[PDB]
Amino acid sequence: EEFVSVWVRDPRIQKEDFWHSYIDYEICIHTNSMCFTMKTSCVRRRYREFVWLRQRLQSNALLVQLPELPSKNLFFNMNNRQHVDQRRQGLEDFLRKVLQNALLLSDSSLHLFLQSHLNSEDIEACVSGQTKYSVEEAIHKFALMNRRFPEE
């Protein structure tokens, strides 16, 4: 019987030796549902991308009540363990709830967010019909790159 499971884990600093470092997380999906292209996926995303995601979803579903995100960057300090953990929990809760909703499950944005390398610009390009590649193509190409699959 159909299930979908999601973990957010493994916080890591990025561009650490630059100005403009940021923290991102790993998002792992495991499902047996027809809804997803891949039954498993791990992808890395940061809070600002979750924000984009939330608002993208909100604007295609005016009547839907999106779940909360955890606290904003302004109130986030990576040296406070409790911060980084609260953020990860919150981002898990957010996705868990989102994924319980079939209308949202039907948004290619969410799928590309979860099962592709594409950033928000390209996601928007892709679901709006303006890229050479389809949504399925992008997802498959991510799995091949990501699983170091040989051949083609």
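Note that residue numbering follows the sequence shown and begins at 1.
Look at the mean CA B-factor for 4-12 and for 142-150 in the entry; the higher one is 142-150. Across the two stretches, 66-74 and 121-129, the PDB entry reports the greater mean Cα temperature factor for 121-129.
Out of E26, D93, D85, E49, the entry records its largest CA B-factor for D85. Comparing the C-alpha B-factors of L99, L53, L114, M34 in the entry, the top value falls on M34. The PDB entry assigns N60 a C-alpha temperature factor belonging to the highest third of its chain's modelled residues.
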